[PDB]
Every structure is written in C-alpha cells, then in structure tokens.
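Residue numbers (PDB author numbering): 6 to 83, 89 to 365.
For every residue, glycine included, the Cβ atom is placed at its ideal position computed from N, Cα and C.
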Amino acid sequence: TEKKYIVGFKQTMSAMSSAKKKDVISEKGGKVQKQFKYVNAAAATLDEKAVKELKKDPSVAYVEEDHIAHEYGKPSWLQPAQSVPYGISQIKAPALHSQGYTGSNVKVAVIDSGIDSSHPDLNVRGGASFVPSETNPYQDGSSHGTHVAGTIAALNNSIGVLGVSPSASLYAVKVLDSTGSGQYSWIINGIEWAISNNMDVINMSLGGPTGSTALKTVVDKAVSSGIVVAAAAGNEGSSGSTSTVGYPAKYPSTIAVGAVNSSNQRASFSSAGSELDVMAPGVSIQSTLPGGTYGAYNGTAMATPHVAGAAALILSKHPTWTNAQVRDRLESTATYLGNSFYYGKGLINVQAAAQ
Ligand SMILES: [Ca+2]
C-alpha cells in the first residue's frame, strides 16, 4: 500500500517544532524518514488513506509524492598527456587561466552520482552521500558525477583533461544511486548539505519532469544564501511551444543550462523553454571517468558543469561578487545564438563575464 511522500507544513509557527511534526505524521500511521532543516517539511512513507486525512489536518500545507530525478548525461565515445576538451576553449576558460585564475578556494558541490576520489586527474576535498544503501560519496556507482566533476575541475597537470576551473575545491554530494536515479528527498538533503557546508557553487546535472514545493524551497534557499546554482535543462528535445525544461532547472532561481555543439548549434536532445538561461557545450564532452580513464558524453548534464566551473573562475578573479553578480555577468555577456526559447541568452563567455 505505502508510497513515498514529502509532507509540507503550514508556515508559522506550529508547525515548526520537531516533535509535533513527527506526530501529525505518526498519528496517521505514517512513518518519517527525514525532517528537512531548511524546508518546513518531512519525507514520509504513507499509504493511500492517511494521505486524505493528512490533507485534511489543518496544520498541513501539502502532501506531494517524493519524485524521481535522473542524470542528464550519456556515454558517446570511449597515461595520456594533458589535452584541453573543446568545450573548455569554447567558453573561453583558457583566457582566464592565462591571467592566473583557475578557481582556487572556490567551493563546488557536485550534486550527482558521487565522484571517484581515486582518479589521478581529480582532487576531491570532501562530501557526503544521501543514497541510503550507497553510503560512500567517493564511489561513483554510475560514472556520471565523475565525468561532470572532470569538466569543472580535472587537474591542470601532465595527464588526461583540464577542467574549466582546475584548482576549484571539489565536493562529492551523492544523491543518485548506481542506476543514475534519485528520490527528490535525497536531492533536497544533498542541497541542504551544500548550504550548511558553505558551498559557493552548486552543480546539478540532473532533473525530473515534475515540480516539487520542497524542492523549490531548498533551491531558492541556497541561492538566497548567496550560492550560485547551475542546473541542467534536460534532454527531452522540443515540442512546439511547450517548455520541456526539467526540475529544478525550471525554477528561476537556478541557472538553467542547455546544450550547444562545437558549432554553437542548439543540440538535438536539448530541452527548450522560457526557463532556459544560457547554453554551454554538451556534445561529445571529453572528461574523467572512474578507474583512471577518460571518455566523451553527451547531455545537458555536460553543459552544466561548464557554467559551474565558469562561476568558480569568475569568483576566483572577483571574490567579492555575490551569486547575483556572477549570474548577471554570465547571462549579460553571453554570446547571442538565436531565439531565447531555444538558446536563452546564448553561449557563456567567461572571458567577457570576468572583465
Ligand atoms: Ca589533467
């Protein structure tokens, strides 16, 4: 009978006590697996009939199903002296490297499937896991977070690839299992961890097709606390004038990132809509993969870290710029590429953004 939910509580005041919130859910034979820190809500398991009675309880604002998100990136092509994947030059990160700016002391949370900390071309500084039976964030079960982390911060050294912001402080925030999928509640926990740990930048190369009140809250909270939040638009293509952008990219607080190829063409699979903000390379993106290798993937998942790393570049040159200034620079120096339904403000140009 039981399904997975998020139970949102009316704002002030009760509800705000921890114990009371347990009760409202207990006394409908519900079970609570987590009360969020920044969202006035709890992740709960519930059956059919408790729901209708929860919805009736005057202290409850909503009951929504705890949704599924997934990584927006796929394998495309699968020792070596260091090369620079094209995307990095496309967004003009090298110009920042040449002024000595590479993202140092910038804290970036990779909210994904984990990051392979043993990879020689990555440096992971910390993290946590919110996937209940896959508790080590340094074991990237699906290989996706490792690839995303390489675009952001692959070491500038003698091997493999180079990240947009190669000296950025990388954090693995595991919220997708082996299968490349996560409950919305695990993602929320991931984001909450990033807030409490003072990340400067959040990267989410993942998404789901359904909205969530608790999800909006927490992404809004992160941005409100001064964190730059980049989210992949999704890979669902177009569909007339209907927006196909995924959540949380769909929320205006996040920078929604779509995919262009090396010719600056909107990629095929690249979700479109008015919630699109900027574009970045997501076709044939070379990066780090677990077990010490490299490989190319396609996805708005691979475009997003370009933006996340760009933000880290900008912050390493301009440490007093807040997320709003970084976001503004990125969007308002972007390179116009066509209709904003399709391209947003266009291709990010970290060189121009960082002037
Ligand atoms: Ca390298």
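Any non-hydrogen atom of ligand 1 within 7 Å of residue i CB
i	result
residue 134	no
residue 301	no
residue 172	yes
residue 167	yes
residue 131	yes
residue 318	no
residue 3	This structure cannot settle anything about residue 3, because the visible part of the chain is limited to 6 through 365.
residue 55	no
residue 163	no
residue 92	yes
Pair within 8 Å by beta-carbon distance, residue i and residue j
i	j	result
residue 159	residue 120	yes
residue 371	residue 74	What is shown of the chain runs 6 to 365, which leaves residue 371 out entirely.
residue 11	residue 69	yes
residue 245	residue 284	no
residue 311	residue 242	yes
residue 305	residue 82	yes
residue 256	residue 219	yes
residue 297	residue 94	no
residue 118	residue 168	no
Residue from the options whose Cα sits closest to the Cα of residue i
i	options	result
residue 190	156, 205, 342	156
residue 340	348, 323, 351	323
residue 365	348, 352, 355, 336	336
residue 214	188, 181, 236	181
residue 27	48, 219, 135	48
residue 259	133, 224, 240, 41	240
residue 328	94, 106, 204, 161	106
residue 237	251, 254, 217, 208	208
residue 19	35, 63, 51	63
residue 345	332, 362, 226	362
residue 86	114, 145, 338	Because the chain is numbered from 83 directly to 89, the model contains no atoms for residue 86.
residue 66	21, 174, 229	21
residue 326	300, 110, 144, 187	110
Between the CA atoms of residue j and residue i - distance to the nearest angstrom
i	j	result
residue 130	residue 30	47 Å
residue 292	residue 206	30 Å
residue 360	residue 164	18 Å
residue 261	residue 78	20 Å
residue 343	residue 288	10 Å
residue 358	residue 316	9 Å
residue 177	residue 124	19 Å
residue 379	residue 224	The chain is shown only over 6 to 365; residue 379 falls outside these bounds and no answer can be derived.
residue 126	residue 302	9 Å
residue 355	residue 55	46 Å
residue 307	residue 268	14 Å
residue 348	residue 222	31 Å
**Request:** Report the residue ranges of all alpha helix (DSSP H) runs contained in full by the region 151-182; include only those spanning at least 4 residues, in chain order.
**Result:** Listed in chain order, the complete alpha helix (DSSP H) runs (minimum 4 residues) inside the region 151-182 are 154-163.
**alpha helix (DSSP H) runs contained entirely in the region 276-309, provided each spans 4 or more residues** = Secondary structure remark: continuous alpha helix (DSSP H) runs of at least 4 residues inside the region 276-309: none found.
**alpha helix (DSSP H) segments (min. 4 residues) lying fully within the region 222-262** = If we require 4 residues or more, the alpha helix (DSSP H) runs fully inside the region 222-262 come out as 223-234.
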